[PDB]
Structures are given as structure tokens and as C-alpha cells.
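Structure, as C-alpha cells:
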Amino acid sequence: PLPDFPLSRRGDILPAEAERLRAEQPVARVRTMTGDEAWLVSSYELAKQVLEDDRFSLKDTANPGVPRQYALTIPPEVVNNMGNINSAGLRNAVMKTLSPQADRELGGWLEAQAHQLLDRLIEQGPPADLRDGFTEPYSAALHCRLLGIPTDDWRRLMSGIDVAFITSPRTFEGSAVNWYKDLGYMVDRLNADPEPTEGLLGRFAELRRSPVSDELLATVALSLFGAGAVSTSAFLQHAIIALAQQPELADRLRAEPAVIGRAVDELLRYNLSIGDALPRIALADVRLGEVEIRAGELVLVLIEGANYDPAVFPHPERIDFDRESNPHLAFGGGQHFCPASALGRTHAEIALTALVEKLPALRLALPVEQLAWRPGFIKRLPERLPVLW
Amino acid sequence: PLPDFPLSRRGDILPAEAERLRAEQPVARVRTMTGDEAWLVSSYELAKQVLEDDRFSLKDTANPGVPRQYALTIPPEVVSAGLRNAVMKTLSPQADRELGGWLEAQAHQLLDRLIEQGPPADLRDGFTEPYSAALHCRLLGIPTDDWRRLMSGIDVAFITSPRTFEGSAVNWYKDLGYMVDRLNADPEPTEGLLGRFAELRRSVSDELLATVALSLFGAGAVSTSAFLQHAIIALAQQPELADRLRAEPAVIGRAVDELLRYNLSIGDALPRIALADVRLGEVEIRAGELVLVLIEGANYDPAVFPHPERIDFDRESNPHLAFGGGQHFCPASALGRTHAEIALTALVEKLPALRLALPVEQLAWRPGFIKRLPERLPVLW
Ligand code: HEM
Ligand code: HEM
Ligand SMILES: O=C1N[C@@H](Cc2c[nH]c3ccccc23)C(=O)N[C@H]1Cc1c[nH]c2ccccc12
Ligand SMILES: Nc1ncnc2[nH]cnc12
Ligand SMILES: Nc1ncnc2[nH]cnc12
């Protein structure tokens with residue numbers, strides 16, 4: 001009887017199953033939701049090894065006929081987004097866009113967005129949903145600025161993410177319809193009569209007049225927006241649950257705002273926003289711990305396994321803003337380490353700073369056990385994050 | 001070990017458990033989510049009997065000390081004042097006249113928006129919620145501009161919790177305050193229940209007025225939106241029903257009536273306190289015990305409805321309990337039906353290739369709510 005993957009949808013405590021797997025079979029054979037078999041790696045040491053060993057391929061997880069943890073919801077070519085981006089001389093436009101340094105006003109503008117969104121929830125009074133009222137509009141607004149598009153249609157863009165990022169046992173119609181719908185949005189914004197200045201679409205319009213089709217440009221835009229928005233909103237929601245359940249943390253923040261950096265780094269270690277594992281196909285037979293992994297097999301990295309490993313993190317179950325060291329995997333590791341890590345931090349640091357200043361009596365409106373955790377999604381997240389203040 | 005209540009939040013099929021319960025113990029001792037016990041009544045004969053007998057009270061369900069299927073969220077005096085005329089005149093679709101053509105303009109505008117974006121769309125946030133909110137804002141004579149906020153209030157108000165939670169009261173007072181201010185607007189409200197209430201305290205506190213307004217807005221928007229999502233699933237999964245409605249638009253009344261019998265929007269049971277020792281089938285219910293009517297139990301009862309598991313827009317007869325029965329039979333039934341007839345008519349006209357964007361098995365069913373509903377209702381056309 002293989003343990004079933006994925007683990008619990010509930011994102012406010014580490015699933016007891018992640019603790020058991022890391023302790024008894026840090027490389028366990030598991031059955032994914034497709035019915036394919038996989039190697040789930042749940043210890044820090046072995047997770048870092050997989051991430052840092054190039055014979056475990058990310059690109060190759062989209063190949064036809066390989067074992068899948070769930071259906072492809074995007075074209076095969078996009079699962080190697082950083083690959084293709086690098087190979088087209090597009091890396092510079094993308095890397096300038098992802099660099100927080102490269103946009104001197106980003107900080108002040110993110111800060112202003114966070115303040116106005118919370119000011120709107122304070123105008124109506126508690127309770128409010130901090131997902132629909134804060135994390136979603138805030139993450140959408142960041143990513144509209146990164147692309148250089150307006151914010152008018154954020155709701156329909158974030159609805160695109162509600163479909164794009166579904167984990168299904170089999171392909172579903174409408175995963176592709178969804179992809180081509182918002183690809184179309186990105187192509188229209190890029191080929192606008194007042195041609196787009198500002199953003200990655202600004203840099204893309206500059207770039208296709210030098211000596212890369214419209215479809216690949218739109219593809220990069222759409223794939224960066226959905227990856228960034230889904231990841232930032234989900235992380236921020238779990239960071240918000242941490243501050244609501246542990247108000248001592250929001251007190252430290254208010255008392256000592258400069259510790260927000262180290263604080264977000266700990267919330268990143270602790271956050272359970274990743275609803276699945278980082279996938280790789282073995283390109284060769286590899287001895288990983290006590291298991292022989294055959295070429296062509298699927299390897300699944302359990303970030304929450306590694307980031308809660310008591311071998312590396314003392315008292316891993318307890319949030320601690322004063323860790324001497326924090327070599328966490330929340331951004332992954334090796335060659336596919338998140339290229340937007342600095343931007344992820346800046347996003348969270350600013351939203352969290354604004355929130356503890358604007359809602360100093362922030363708490364869940366109801367017991368944490370009664371939050372609705374989203375099923376069948378790449379991220380764990382509360383469908384609604386009702387709070388009081 | 002007692003069977004657990006409530007049953008599955010899955011709303012696309014009748015829970016197997018409801019079938020086993022109706023078959024083997026149609027009056028069943030269950031543990032509610034509060035850990036209290038109750039009698040779950042799952043056959044039509046006994047469901048109909050509890051609803052039509054006044055030895056079972058709904059008002060007493062809110063009394064202190066009684067067993068509960070879940071915690072109160074609203075004040076106890078809301079589960080005599082000569083308002084009955086203002087309220088009943090509002091719940092009459094034939095006192096707003098333009099309602100029909102207005103709701104139809106609403107449905108079409110909401111749908112025209114999604115057709116412009118192109119599929120997929122979420123028919124909950126893009127259709128049922130804006131549409132249901134629109135109805136109830138017109139009912140109260142208030143603008144529709146704060147519909148997201150108002151429907152968010154419903155997301156907290158209609159939670160099923162084992163124990164009470166803060167926020168239930170905060171949420172209640174936040175929106176009471178909202179209704180009190182629309183009641184007391186400088187250009188006094190004219191039109192709607194508020195309009196009528198304004199004229200009816202010139203002839204009952206502002207507290208009580210906004211309290212009726214808010215409970216009415218609450219119960220109707222949550223109920224019409226949830227039912228319309230089930231009817232939409234029915235028409236997506238069974239596109240022959242949508243072909244029927246395009247071919248024969250006049251059957252929408254019979255059709256919406258069968259979709260009512262079939263729908264699993266009601267996610268709890270209709271609660272009664274026994275005001276006395278009453279025998280029900282083979283069970284001696286003692287005074288002050290909680291009785292719970294499982295509507296999907298009665299509406300799928302084959303002793304009354306042939307082939308209950310199948311939707312038939314052509315049944316000779318359809319005496320369904322979707323609106324309840326006896327003294328507490330839904331007072332807004334016709335408004336309920338009108339809401340759904342006009343949205344579904346508009347839906348099968350505008351989106352004739354309507355289908356789910358994925359297998360119905362993979363919809364997210366909302367937990368811990370009075371309604372069974374899909375958190376999202378993603379569709380293609
Ligand atoms: C708190 C926020 C974020 C978290 C927790 C996060 C986490 C991660 C992780 C763990 C990976 C590695 C995937 C793997 O190894 O298979 C990754 C990669 C990636 N992330 Fe992030 N991410 C965040 C924000 C963002 C943002 C804002 C963007 C873009 C706007 C972004 C775009 C990407 C891209 C393009 C990759 C793929 C890189 C490659 O394959 O080489 N991320 N992210
Ligand atoms: C199609 C949607 C609707 C369905 C499925 C529905 C269902 C029901 C049911 C089953 C009851 C009986 C309660 C019980 O016996 O415990 C009820 C009662 C009630 N409904 Fe409707 N309802 C709908 C529409 C509405 C609307 C539009 C309104 C008003 C705006 C409304 C307001 C009420 C009120 C006030 C009661 C309580 C009556 C009493 O206690 O005597 N409902 N509803
Ligand atoms: O840029 C990418 N790089 C990798 C890894 C990755 C980066 N950020 C993520 C966030 C969630 C899951 C995977 C990733 C990938 O696999 N695809 C895309 C992102 C993406 C856009 N829409 C999607 C729908 C479905 C799955 C992935 C994507
Ligand atoms: N595969 C993945 N699952 C969840 N979150 C991610 N962030 C980046 N890649 C991811
Ligand atoms: N008890 C109840 N549960 C669900 N929906 C209702 N509509 C009216 N009363 C209801």
C-alpha cells in the first residue's frame with residue numbers, strides 16, 4: 001500500500017505524514033493523483049542533493065509519456081520557461097524586470113498599493129477577507145507593473161490562475177482554452193496602438209525591432225505573471241495566518257521594523273503554500289540516500305519536509321525570527337532556484353510591514369481549524385482568509 | 001457509533017448515506033457538528049409530517065440550552081409588528097413589475113461581460129453572485145455598487161460552526177449598520193423595503209427595520225445564488241435540458257420546479273425542537289429534542305417520485321419540499337422561481353455550448369457552510 005501523494009490540503013500545520021516520511025523513508029515510493037509512481041524526497045540533505053544534481057531534469061517532466069504528478073495545464077515548452085528565455089537573448093529583458101533594484105520607485109509604489117487596499121478594508125470595517133481584499137489585488141498589481149499593463153482587469157487575470165494552476169489526474173478541456181485566452185490578452189497589450197512603453201512588454205516592444213515571435217513574447221509575459229502572482233498571493237496568505245495566530249510576531253515587527261527581512265526569511269522557511277513537490281525526471285540511475293532511482297523515474301521534492309528537518313533547523317515547528325542561520329529551500333535550490341527571490345521578499349516585506357501598522361489587532365475571525373483549504377491546486381491556500389481588527 | 005451529520009458537502013450527486021438512512025432508518029439518531037444529538041428525518045412522509053405539524057417549532061431552535069446542529073450567527077430574535085404588509089408586498093414579484101425585464105437586463109449584462117472575455121469564466125462570481133445580489137439590492141431599494149462586500153458578509157453569516165466565533169457578531173453589526181444608514185439616508189429612500197419602511201415609521205425601531213432588511217437580503221441572496229449554481233451544473237452536465245429550454249422556452253417554470261426538487265444547495269437540515277412527546281414512524285421523539293429535516297432525503301424518495309435520481313421536466317406531479325412546507329414554507333418562493341427562470345433562460349440563449357471546464361468530480365465543494373456550493377464554477381461555451 002504506497003502512501004498517497006499529494007499530502008493534506010490543510011496549510012496551517014505540517015502534515016503528520018511529512019514528519020513520518022522524513023523519519024522512516026526520506027525517499028519513499030508513492031502513488032501520485034495520476035496513478036503514476038514517484039520518489040518523494042522529504043529530508044533536507046536529500047532534497048538539496050536532488051535540486052543540486054543536474055541528472056534530475058525539470059525540463060523533462062513535460063515530455064510525453066513520462067510519469068506525472070498531475071496533468072500538464074500549459075504547453076510543454078513553458079515548463080522550461082527559464083531555459084527558453086535564456087536561449088533567445090531575452091534573459092536581459094527578463095532579469096531587468098525581476099530585479100527590484102532596476103525599478104527605483106517599486107518600493108514606494110508597492111507600499112502605496114498595500115496602504116490603499118488595507119485603507120479600503122478599514123473604511124468598511126471588520127471582518128474582511130485578506131485574500132480577495134488584500135493578497136490577490138496586491139499580487140496582481142505588482143505583476144501588472146512588472147509586465148507594464150494596467151490593473152483594470154486583475155480580477156480576470158487572477159481568475160486565469162484559478163484554472164491554469166489546477167492539479168488534475170488527467171488533462172481537462174479548458175486548461176488549453178484558458179492558456180490561449182490570456183495569451184491573447186498579452187498579445188493584444190503588446191501590439192496596442194499606443195505601443196507599450198514601461199515593463200517587460202515595454203522591453204519586448206523595444207526588443208523585436210532589433211537584429212522571437214509575438215507568441216513567445218506573450219508566452220514569457222503570461223508565464224511570469226501567473227507564476228509570480230500565484231506564488232506571492234499564496235505565500236502572503238500563509239504569512240498573514242502566522243501573524244494572526246502568533247500576534248507576538250506582529251508586535252516584534254511594529255517594535256523593530258528592520259527585522260522584517262529576517263522575519264520574511266523565516267516565514268518563507270515555515271510557509272506551506274507549495275501544495276505539491278518540485279518535480280524532476282531522472283536522466284540516469286542515481287543512488288539517492290538508500291534508494292536506487294532508475295533513469296526515466298519521477299522524483300518529487302517535499303519542500304516542507306526539508307524546511308522542517310530538525311537535522312538542519314532547531315525547533316523547526318516553531319517560528320523564530322532570531323535564527324543565526326536559515327538555509328531554507330522555500331525558493332528551491334541549484335539551477336532552478338527562483339530567479340525572482342529578491343522580488344518575492346520585497347513583495348512580502350512591504351505587504352507585511354503595512355499590515356501590522358494598519359491592523360495592529362489582526363486575528364482570524366474564527367478558529368484556524370475551520371478555514372476552507374483549496375483542493376486540487378498547486379498552492380495550499382485558504383479560499384477565504386476572514387480576519388477581525 | 002452514530003452516523004455523522006451533516007453529510008457530504010458534495011452537491012452534484014445525492015449522498016449514498018442519505019439513501020441508506022432513508023431506506024433503513026428514516027428517523028435516525030445523529031451527532032451534529034456541535035456534538036449534540038438530533039433526529040434526522042429523511043423520508044418524504046415523515047419529512048412532510050414534521051413540517052406540517054406545529055408540535056415541532058423553528059422559533060425555539062434559537063432558544064438557549066436546546067440542542068443545536070451548529071452555533072447561532074445572528075441574534076436570537078431573528079430565527080407581530082404590522083410589517084407583514086411591507087415585507088409580503090416586497091416578496092411579491094408582482095409589486096416590482098419591471099423586475100422581470102430588469103433581472104433579464106442584469107443576466108444579459110453579466111453574461112455579455114463573460115462572452116467578451118471569452119471562456120473559461122467562473123459562473124459563481126461572474127453570474128450567480130452579482131445577479132443574486134442585484135435582485136436583493138433592488139428588493140431593498142439600495143444601489144448594487146457594494147455587492148462584493150454584501151456577499152462577503154454572507155460568506156461569514158452562513159458559516160456552520162461547532163461553537164460560536166467572534167466575527168459572527170462583528171459581521172452581523174457591520175451590515176446592520178450598513179442597512180441602518182441606507183434607511184436614514186438624507187434623501188430618504190423611496191422604492192424597496194427601505195422606501196416602504198421609511199413611509200411606515202411616519203405612520204418598531206431602526207434596529208428592527210435594518211434587521212428584517214438584512215436577514216431578508218441574507219437568506220435570499222445565499223439561497224438564490226446557491227440554487228442557481230446547482231441548476232447551472234444540471235444544465236452543463238445534461239445539455240439536453242438546455243436544448244429543451246431553447247426549443248420550448250415556456251417549459252422553464254416546470255423545468256425550474258424539477259431543478260428545485262433535484263438541487264442539493266441546502267447543506268444542513270430544516271431544524272425543529274419537539275414541543276412535546278411525538279411518535280414519528282417507529283421513533284419516540286421526547287419534548288425538547290432536536291429534529292432535522294433532510295430535504296434531499298424527501299425530494300429523492302421513490303415512494304413519491306419515480307426515478308428520483310433522474311431530472312424529468314415532464315413529471316405529471318412534483319410536490320417537492322425544496323421550499324419546505326407547513327407554516328414556514330418559503331414566503332419568497334415565486335421570487336425564487338422568477339430569479340432562476342430568467343437567469344437560466346438568459347444562460348441557455350447566450351451560452352448554448354455551455355459545459356464544465358473540467359470533470360464535475362474535481363469541483364471544490366465549500367465546507368462548513370449552510371449551503372452546498374462549488375467555491376468556483378468554471379465553464380466553457
Ligand atoms: C514568495 C514567492 C515565491 C516563492 C515561494 C517561489 C518559489 C519558487 C520555487 C521553489 C521555484 C523552483 C521550482 C523548481 O525547482 O522546480 C521557483 C522557480 C521559479 N519562480 Fe519562483 N517563487 C516565488 C515568486 C516568484 C515570482 C514573483 C516570479 C516571477 C514573477 C517567480 C517565477 C519563477 C520562475 C520563472 C521559476 C522557474 C525557474 C527555473 O525553472 O529555472 N517566482 N519559484
Ligand atoms: C430558490 C431559493 C430559495 C430556496 C431553495 C429557499 C428555501 C427555503 C426553505 C426550505 C425555507 C424553509 C425554512 C424551514 O422550514 O426551516 C425557506 C424559508 C425562508 N426563506 Fe426561502 N428559499 C429560497 C429563496 C428565498 C428568497 C428569495 C427569500 C427572500 C428574500 C427567502 C427568505 C426566506 C425566509 C424569510 C424564510 C423563513 C420563513 C419562516 O421562517 O416562516 N428565501 N426558504
Ligand atoms: O515559468 C515556469 N516555470 C516552471 C516552474 C515554476 C515556476 N513558478 C511556478 C509556480 C507554480 C508551479 C510551477 C512553477 C514551470 O513548470 N512552469 C512555469 C510557471 C507556470 C505558469 N503557468 C503554469 C501553470 C501550471 C504550472 C506551472 C505554470
Ligand atoms: N512546482 C511548484 N509547485 C509549487 N510551487 C512552485 N513554485 C515554483 N514551482 C512550484
Ligand atoms: N435552514 C436552512 N438551510 C438552508 N437553506 C435555507 N433557506 C432557508 N432556510 C434554510
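Just the heavy atoms: all of them, side chains too, but no hydrogens, waters or symmetry mates, feed the values below. Letters A, B, ... are given to chains in the order of the sequence lines, protein chains preceding strands, and every chain is numbered from 1. Atoms within each ligand, like the ligands themselves, are counted from 1 in listed order.
Of the options A/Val79, A/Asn80, A/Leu283, A/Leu298, a side-chain contact (heavy atoms from CB on, under 4.5 Å) to A/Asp60 is made by A/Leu283 and by none of the others.
Note: no N/O pair closer than 3.5 Å links A/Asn81 and ligand 1 by distance alone. For a threshold of 3.5 Å applied to N or O pairs, the pair formed by A/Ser273 and ligand 1 contains no separation below that value.
Annotation for A/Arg287: atom CZ counts as buried by contact number, over 12 foreign heavy atoms lying within 6.0 Å.
The contact set between ligand 1 and A/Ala330, taken as ligand atoms under 4.0 Å from a residue heavy atom, comprises 5 (C), 7 (C), 10 (C). Close contacts between ligand 3 and A/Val79 involve ligand atoms 4 (C), 15 (C), 16 (O), 17 (N) [criterion: under 4.0 Å to a heavy atom]. Atoms of ligand 3 found under 4.0 Å from any heavy atom of A/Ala227 (numbered from 1 in listed order, with element): 8 (N), 19 (C).
For A/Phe165, the ring-ring contact (aromatic ring centres under 6.0 Å, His included) test picks out no residue, with sequence neighbours left out. Applying the ring-ring contact (aromatic ring centres under 6.0 Å, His included) criterion to A/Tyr44, with sequence neighbours excluded, gives A/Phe313.
For the pair A/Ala164 and ligand 3, a heavy-atom separation below 4.0 Å is found. No heavy atom of A/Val230 sits closer than 4.0 Å to any atom of ligand 3.
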Close N/O pairs between ligand 4 and protein, under 3.5 Å:
residue: ligand 4; atom: 3 (N); partner: A/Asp276; partner atom: OD1; Å: 2.6
residue: ligand 4; atom: 3 (N); partner: A/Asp276; partner atom: OD2; Å: 3.0
residue: ligand 4; atom: 5 (N); partner: A/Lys379; partner atom: NZ; Å: 2.7
residue: ligand 4; atom: 7 (N); partner: A/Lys379; partner atom: NZ; Å: 3.3

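When A/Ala348, A/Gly228, A/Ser223 are checked for heavy-atom proximity to atom 29 (C) of ligand 1, A/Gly228 turns out nearest.
Among pairs with a residue in residues 241-254 of chain A, those fulfilling salt bridge (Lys or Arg N to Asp or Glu O under 4.0 Å) read A/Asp251-A/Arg254, A/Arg252-A/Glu256, A/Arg252-A/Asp322, at least two apart in sequence or across chains.
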